[PDB]
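Asks: The structure is given below, and queries will be raised subsequently.
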Amino acid sequence: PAXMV
Amino acid sequence: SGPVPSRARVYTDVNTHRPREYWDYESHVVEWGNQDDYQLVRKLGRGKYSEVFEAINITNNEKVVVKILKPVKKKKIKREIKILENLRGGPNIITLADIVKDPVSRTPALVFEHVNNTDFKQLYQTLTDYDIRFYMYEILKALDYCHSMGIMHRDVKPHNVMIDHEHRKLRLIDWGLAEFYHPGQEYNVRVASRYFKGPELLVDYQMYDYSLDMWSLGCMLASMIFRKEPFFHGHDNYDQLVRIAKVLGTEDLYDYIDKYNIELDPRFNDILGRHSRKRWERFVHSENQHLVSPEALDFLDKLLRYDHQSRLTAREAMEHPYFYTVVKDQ
Ligand SMILES: O=C(O)c1cccnc1
């Protein structure tokens, strides 16, 4: 969910 | 006539002799990485300087620390990047691993090697005599390196010193206030933290140098060997100089001012007055006597001086007898 999901 | 100029006693013309590419951070081009290689895990700290996160590099399954930069000026953001690259590989200097850009908001982000989120502040009031000597020597290694590279940190404080007590490693972090030293330059005096501002910043002497970090280092040492945090606890920038004068004495303060022809703020005259110099032995009680030694007081007295030229340099400090046992153990 936050750079990568 | 104006105030009297000054120059550093060490590493004076390093940046002048360097190619312009070294210290021209405005002309530096940033090579951007891939932000999708990192996944944020938890927040480590906040404040009006950046949002620091702990992330995981999913490429090699290694932990990292990501610092989200604030919408400040690009001029200062390139300076911190250039300083971190010039110092990459130095002793006890934080290593910049990657620089990425937000694909949506275009916000920059710095990626560092993972560090135990234990700053020196949560540990330096609980150290032994040998630990203080050892960690002071490691902090000196980082200061002497960046000074030799023509860079002054200008924000030395326990919160900017990351420590791994188990493996006895130390890293000097937060280079957002760091600046290249050029002779004759007049810098902004509103740098460093209040409890660690040198007298040259308090009397508004803009032509300072590496010796500013040595005063801040002396405040950390006084806070440790005396078990008093902070050692100079002023309620503002003006009172900060008053608390310093209550210890070092006002005689050497006004001699320091007349030497460099510093135009002191007229508001200081109403709050300064006269203070005799208090000896460092007077700060020793039963709870800190085991951390205080004649070598500690002599080393501390040569760091906390009004005259920035009289202070020990980072190189001279390592050769002090205070670190004789630590150097022999290397
Ligand atoms: O440079 C910084 O601000 C920094 C470095 C490591 C970890 N947290 C912050």
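To be explicit about the labels: the chains of the structure tokens are called A, B, and onward in the order shown, and within each one the residues are counted from 1, while ligands get numbers from 1 in the order they are shown.
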Write out as a PyMOL selection string every residue belonging to chain A that has an atom at most 7 Å from any atom of chain B, counting only C-alpha atoms.

Replies: chain A and resi 2-4

Asks: Go through the chains and note each residue within 10 Å of ligand 1, using only C-alpha atoms and all ligand atoms, then give the set as a PyMOL selection string.

Replies: chain B and resi 44-45+49-54+64-69+80+84+93-96+110-119+159-162+171-176

Asks: Would you put the residues from that selection into a file with C-alpha atoms, as a PDB file, in the first residue's frame?

Replies:
ATOM      1  CA  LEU B  44       9.943   6.061  12.932  1.00  0.00           C
ATOM      2  CA  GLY B  45       9.573   9.809  13.480  1.00  0.00           C
ATOM      3  CA  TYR B  49      11.904  18.394   8.552  1.00  0.00           C
ATOM      4  CA  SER B  50      10.852  15.112   6.853  1.00  0.00           C
ATOM      5  CA  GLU B  51       8.840  11.953   7.567  1.00  0.00           C
ATOM      6  CA  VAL B  52      11.176   9.051   8.335  1.00  0.00           C
ATOM      7  CA  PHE B  53       9.918   5.542   7.587  1.00  0.00           C
ATOM      8  CA  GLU B  54      11.286   2.017   7.880  1.00  0.00           C
ATOM      9  CA  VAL B  64      16.043   0.163   4.666  1.00  0.00           C
ATOM     10  CA  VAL B  65      15.162   3.602   6.035  1.00  0.00           C
ATOM     11  CA  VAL B  66      13.269   6.039   3.794  1.00  0.00           C
ATOM     12  CA  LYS B  67      13.224   9.796   4.457  1.00  0.00           C
ATOM     13  CA  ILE B  68      10.371  11.621   2.718  1.00  0.00           C
ATOM     14  CA  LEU B  69      11.611  15.114   1.862  1.00  0.00           C
ATOM     15  CA  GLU B  80      22.009  17.381   1.113  1.00  0.00           C
ATOM     16  CA  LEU B  84      25.771  12.590   1.172  1.00  0.00           C
ATOM     17  CA  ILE B  93      28.861   8.377   8.037  1.00  0.00           C
ATOM     18  CA  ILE B  94      25.344   7.350   7.049  1.00  0.00           C
ATOM     19  CA  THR B  95      25.349   5.739   3.602  1.00  0.00           C
ATOM     20  CA  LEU B  96      22.859   6.954   0.996  1.00  0.00           C
ATOM     21  CA  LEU B 110      16.139   9.346   0.205  1.00  0.00           C
ATOM     22  CA  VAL B 111      16.898   5.683   0.928  1.00  0.00           C
ATOM     23  CA  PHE B 112      19.585   4.849   3.495  1.00  0.00           C
ATOM     24  CA  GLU B 113      21.081   1.623   4.765  1.00  0.00           C
ATOM     25  CA  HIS B 114      19.071   0.226   7.649  1.00  0.00           C
ATOM     26  CA  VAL B 115      20.027   1.584  11.066  1.00  0.00           C
ATOM     27  CA  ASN B 116      18.742   0.577  14.490  1.00  0.00           C
ATOM     28  CA  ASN B 117      16.258   3.311  15.378  1.00  0.00           C
ATOM     29  CA  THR B 118      18.133   3.982  18.637  1.00  0.00           C
ATOM     30  CA  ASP B 119      19.670   7.450  18.577  1.00  0.00           C
ATOM     31  CA  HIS B 159      19.219  12.981  18.214  1.00  0.00           C
ATOM     32  CA  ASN B 160      21.409  13.083  15.075  1.00  0.00           C
ATOM     33  CA  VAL B 161      23.647  10.197  16.230  1.00  0.00           C
ATOM     34  CA  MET B 162      22.345   6.683  15.559  1.00  0.00           C
ATOM     35  CA  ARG B 171      26.467   6.525  12.463  1.00  0.00           C
ATOM     36  CA  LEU B 172      26.196  10.305  12.124  1.00  0.00           C
ATOM     37  CA  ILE B 173      22.912  11.114  10.379  1.00  0.00           C
ATOM     38  CA  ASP B 174      20.721  14.050   9.284  1.00  0.00           C
ATOM     39  CA  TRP B 175      22.876  16.128   6.916  1.00  0.00           C
ATOM     40  CA  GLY B 176      20.066  18.538   6.016  1.00  0.00           C
TER      41      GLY B 176
END

Asks: I'd like to know which of B:188, B:148, B:289, B:310 is closest to residue B:202, using only C-alpha atoms.

Replies: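 The answer is B:188, which sits nearest to residue B:202.
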
Asks: Under the rule that only C-alpha atoms are counted, which of B:136, B:177, B:143, B:214 is the nearest residue to residue B:91?

Replies: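 For residue B:91, the nearest of the given residues is B:143.
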
Asks: DSSP on the backbone: which residues in stretch 16-111 of chain B end up as strand (DSSP E or B)? Give the answer as number ranges by chain.

Replies: B: 38-45, 48, 50-57, 62-68, 93, 96-101, 108-111

Asks: Figure out the distance between atom CA of residue B:232 and atom CA of residue B:124, please, to one decimal in Å.

Replies: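 So the two atoms, atom CA of residue B:124 and atom CA of residue B:232, lie 16.3 Å apart.
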
Asks: What is the atom CA of residue B:157 to atom CA of residue B:326 distance in Å?

Replies: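 These atoms are spaced 22.3 Å apart.
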
Asks: To one decimal place, how far is atom CA of residue B:324 from atom CA of residue B:121 in Å?

Replies: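 Atom-to-atom, atom CA of residue B:324 to atom CA of residue B:121, that is 25.1 Å.
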
Asks: Which residues in stretch 233-327 of chain B does DSSP call alpha helix (DSSP H)? List them as a ChimeraX atom specification.

Replies: /B:237-248,251-260,294-301,314-318,324-327
